[PDB]
Amino acid sequence: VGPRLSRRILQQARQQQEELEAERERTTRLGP
Amino acid sequence: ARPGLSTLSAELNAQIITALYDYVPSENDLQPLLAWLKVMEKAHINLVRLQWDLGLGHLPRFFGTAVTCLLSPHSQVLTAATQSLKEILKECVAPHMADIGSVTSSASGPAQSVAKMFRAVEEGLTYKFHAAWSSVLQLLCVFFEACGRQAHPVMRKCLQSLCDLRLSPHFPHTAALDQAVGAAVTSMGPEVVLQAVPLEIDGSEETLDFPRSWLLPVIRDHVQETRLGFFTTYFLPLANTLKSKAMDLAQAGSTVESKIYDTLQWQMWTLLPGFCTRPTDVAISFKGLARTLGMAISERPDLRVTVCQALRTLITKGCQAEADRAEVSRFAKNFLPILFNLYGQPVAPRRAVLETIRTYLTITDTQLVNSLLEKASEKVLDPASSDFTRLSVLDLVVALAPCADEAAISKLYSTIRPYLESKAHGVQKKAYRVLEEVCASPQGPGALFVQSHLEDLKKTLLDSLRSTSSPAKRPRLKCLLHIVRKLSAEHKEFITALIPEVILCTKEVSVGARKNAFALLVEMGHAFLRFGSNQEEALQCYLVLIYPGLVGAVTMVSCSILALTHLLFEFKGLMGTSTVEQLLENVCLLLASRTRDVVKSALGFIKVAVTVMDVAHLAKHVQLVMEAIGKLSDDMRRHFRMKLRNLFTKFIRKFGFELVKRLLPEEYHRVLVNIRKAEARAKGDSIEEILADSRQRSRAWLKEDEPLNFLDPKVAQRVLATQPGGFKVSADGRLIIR
Amino acid sequence: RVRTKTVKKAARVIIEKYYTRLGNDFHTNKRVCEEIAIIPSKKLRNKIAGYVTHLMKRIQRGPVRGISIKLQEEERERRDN
Amino acid sequence: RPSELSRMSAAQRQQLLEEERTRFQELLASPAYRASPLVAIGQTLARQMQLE
RNA sequence: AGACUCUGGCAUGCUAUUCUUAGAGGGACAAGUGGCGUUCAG
């Protein structure tokens, strides 16, 4: 295919994989 | 700072780590990410130091985040993650595998944590990286080295995935994957590795492109802790089948396939030096290879040296135990007639066989060494032996000489003593090698023979000095070394009789004899340093022995200048600066000679004297030596230009340039200004890889056949990290090379 | 001593075209250099033979598949000619 | 008798060795060569190659 | 601190030839072994 096209393809595939794997407040307290 | 329990506890560190997991700035900010996983690495190190199982339990989430940041395009994050995970593996994982032990598929404690983090690195071996694969391979390699013996039942799938990765048409990480599989073979052991990925070269194959043919070089280069019993039970009948098929296709007319199988069989006994490195069952599995090694060393020359090398490998590191050494000795009583017939046969790789014979005779019993010495002595004394056979048996005598007791050494010396006056150079050379070998041992029967027969040896060496051939000078001086390092004080006459031989050997034909003569000059100096209370007066008494050699013959003059050069290079500060100055005046007088060898050795002595003594003492004699340099000659200046150039460079560097300019004429003025300008100017195993005519890393290449599935576990074979893709002939067809 | 670049090129082309006929030690490699090249220079012949011996010693420790496909291609070229 | 030892013969080397051994024997026992050795060596070389 | 050119040590081999000769041909190519090594150059 080519370097740039395959890079865009893998980036979009990783984005879609993260989006489909997806479907608060930072814990500032060390001890409860 | 690694705080103690009073400053930071294990539960507090775990709470800090779990609270610090929740930031992960964006993915690739690259300013706080490196220090971020650095501080979790340090906190995990401190947690393991405080409570190791808690740190191992907290490890897999940090390893998952390490994989996630290893997916980042920035290579600095890749390097930081690789260094952090390697440090965690080396310091927090490797020493704790002995306590945890083996891991199964149903582990519960920290073994389950090891399994989870190995699942994390297996997920890190997937296709989604395509630029960190060298880093993941290095992490896999250090994990294999750390936990091959303790993570054995689980990493077969990773080995299959690695074989699939190396089965790619264009793999730039071939060397890294080879190193990783080599570490896996080293620590795992190639037996269960071959159980996981089988070799497809078992007997008859319909094809010739073996997809796992690199396993044999991997096992050859990376086996150190594997039992020999697996080698005997697996590689013995497969060798016979492959060799039999090799001759069967050899006489069938198909030479290409026969040569391929010949390459296979010749490579698969190269695993034997690896398997003989540290075998865990060599006390019991070496019985089944004795007759195999005998038949492979008797009628199979093409393996012999390698087999000998394999034997040598064992003698390097397989004789640690006493039962192993006893078995090796008993099979030495089995093998020695075969090895002696192999070395003594007419023609042959005699050098490696002789080295193996010496190294193998140093670790056997004394009594059959004595018996073989009797046999070799009656073979030498037999007049019906040829000259080559006599030389071979004399080499066997040389090998058997230091391994015998005092009586056998004494009778061998009594037999060798009339042979020192023989007109044959080879016989006298072997006799002097025998005399060097029997005196080489500083302890044992050889030393007892040395002190028992010191006067007889001295008288024999003084008598045989007149009739010594030129090659025989090379070992004999070493023998003199072997009789000086334990010499008594009342032996000055013998030493000063030996001095002219050493000086004449400082310019001997062989450079090994010259090095031996220089070492012998050092040994005479050290021996005279022990024979007197005053070291400077003893050095002067050593020096008055060799100074009259500056008077007589021209080659003796050159030999004496070279001897004084080596002495000044070895006795710099202990002999006296004024003696160096007066010798410098003398050697400049010798610089004013006509013979090129004398003036060349004089230039060498002048350079060494410039190097040795201080510039304050040099400045008193710069004018004299440099005047002697200046009015030398026209042709002599032209011939050895570089020695005078280096001398002028040293004089410029160690002094002022103005006086150096003033003390030379116009041609040397041009030489000096050119030298000043020059000073101012100063201020992997594949066939095609060897035969080579000798941002950017983020590029990817897809290949489009079967449709591509990203979730297919074998899609990583279809992605490539790199770009895919003079003489004349005569009438007979022969090339012309010029 | 170092190896001259033309020695490297000659060793490369010899081990590339005639890998099958070369043998293990120095003597038979020198013989193959004798009746494969006229080679008027003796020192060049000796250096070429020694470097070809070292090259095949390095090659024979590698994987077998490259040697096998090289022999297959050499046999195909010999049969075609 | 060449100046380089790599061209001369071994019997000549042994004869030269005997000559140098003997010469060391008389010149090591000479009484003038006991008090100022390097002075004697320097004077001997000075006369020998002012002769040259 | 010459990775220039040429050449020598041993020839009981050839020629008018083991001792003196003078032309040619062998023999050395780091060849092998163990370590230090980016595991390849050194």
Fill in: Karplus 3J(HN,Hα) series, Hz, for region D:31-37 with 6.51 cos²θ - 1.76 cosθ + 1.60 (x for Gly, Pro)
x, 5, 8, 9, 9, 10, x
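Once you charge only the Cβ atoms, +1 for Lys and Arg and -1 for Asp and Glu, what is the size of the charge dipole of region C:1-60 about its Cα centre, to the nearest 20 debye?
Details: 16 positive and 4 negative charges, 76 e Å.
Dipole about the Cα centre, nearest 20: 360 debye.
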Worksheet item: Put a dot 7 Å past each Cα toward the Cβ at B:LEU167 and B:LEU381; how far apart are the dots in nm?
Response: 7.0 nm
Fill in: Calculated FRET value between D:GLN48 and B:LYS492, using beta carbons and R₀ = 22 Å, to 0.05
0.20
Item to complete: May I ask you to order B:461-468, B:188-195 by the average number of other C-beta atoms within 10 Å around their residues, highest value first?
Response: B:188-195, B:461-468
Discussion item. I'd like to know which of B:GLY733, B:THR468, B:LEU412 lies farthest towards the positive end of the charge dipole of chain B, counting +1 on Cβ of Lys and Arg and -1 on Cβ of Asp and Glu.
Written reply: B:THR468
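Grab the Cα-Cα distance for B:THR7 and B:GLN224, subtract it from 0.36 nm times how many residues apart they are, and report the gain in nm with one decimal.
On the way: separation 217, 0.36 × 217 = 78.12 nm, distance 4.48 nm.
Contour length minus the Cα-Cα distance gives 73.6 nm.
Rounded, prolate or oblate, given the Cα gyration tensor of region B:280-423, with a/c below 1.5 counting as rounded?
Values: a/c = 2.45, a/b = 1.51, b/c = 1.62.
Note, shape of region B:280-423 comes out oblate.
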Worksheet entry | Dipole magnitude (debye, nearest 20) for the protein assembly as shown, charges at Cβ of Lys, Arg, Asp, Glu | 3220 debye
Worksheet, complete the sentence: The ³J(HN,Hα) series, computed from each phi in region C:66-81 with the Karplus coefficients 6.51, -1.76 and 1.60 at θ = phi - 60°, rounded to the nearest Hz and given as x for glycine or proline, is x, 4, 5, 6, 5, 5, 5, 5, 5, 5, 5, 5, 5, 6, 5, 6
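If you take the beta carbon distance between B:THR577 and B:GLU421 as r and set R0 to 51 Å, what does 1/(1 + (r/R0)^6) give as a FRET efficiency, to the nearest 0.05?
Numbers: r = 47 Å, r/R0 = 0.92.
With a Förster radius of 51 Å, E is 0.60.
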Practice prompt. Order the peptides B:106-113, B:730-737 from the highest to the lowest mean number of other Cβ atoms within 10 Å of their residues.
Written response: B:106-113, B:730-737
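Give the shape of region C:1-60 as rounded, prolate or oblate, defined through the alpha-carbon gyration tensor: a ≥ b ≥ c are the square roots of its eigenvalues, a/c under 1.5 means rounded, and otherwise the shape is prolate if a/b is larger than b/c and oblate if not. Each step should come with its number before you reach the end.
Numbers: a/c = 1.41, a/b = 1.13, b/c = 1.26.
Rounded, since a/c falls under 1.5.
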Worksheet item: Toward the positive end of the charge dipole of region B:579-669, about the Cα centre and with charges on Cβ (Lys, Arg +1; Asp, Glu -1), which of B:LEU632, B:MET642, B:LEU659 goes farthest?
Response: B:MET642
Worksheet item: When the helices in chain B are scored as -39500 (n - 2.57) per DSSP H run of 4 or longer and the sum is shared across all residues, what 222 nm value do you end up with, to the nearest 500 deg cm²/dmol?
Response: -20500 deg cm²/dmol
Item to complete: Could you size up the charge dipole of chain B around its Cα centre, putting +1 on the beta carbon of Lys and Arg and -1 on that of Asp and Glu, and report it in debye to the nearest 20?
Response: 2660 debye
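Over all residues in C:67-74, what is the mean tally of Cβ atoms on other chains that come within 10 Å of each residue's Cβ?
Details: counts 8, 12, 4, 4, 8, 5, 0, 1.
The shielding value for this peptide is 5.
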Worksheet item: Residue farthest toward the positive end of the dipole of chain B, with Cβ of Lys/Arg at +1 and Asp/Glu at -1: which of B:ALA680, B:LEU20, B:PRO707?
Response: B:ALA680
Worksheet item: So, in nm, how far is label C:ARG21 from label B:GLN451 when the simple model puts each one 7 Å beyond its Cα toward the Cβ?
Response: 6.6 nm
Worksheet item: Put a dot 7 Å past each Cα toward the Cβ at B:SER254 and B:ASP634; how far apart are the dots in nm?
Response: 7.9 nm
Worksheet item: Which of rounded, prolate, oblate describes the protein assembly as shown, given a ≥ b ≥ c as roots of the alpha-carbon gyration tensor eigenvalues and a/c under 1.5 marking rounded, otherwise prolate only if a/b is larger than b/c?
Response: prolate
Worksheet item: Calculated FRET efficiency, C:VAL2 and B:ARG350, Cβ-Cβ r, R0 25 Å, to nearest 0.05?
Response: 0.30
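Cβ atoms come from the backbone with ideal geometry, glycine included; neighbour counts cover every protein chain shown. Bear in mind these aren't lab numbers, they're just calculated from the coordinates by the rules spelled out.
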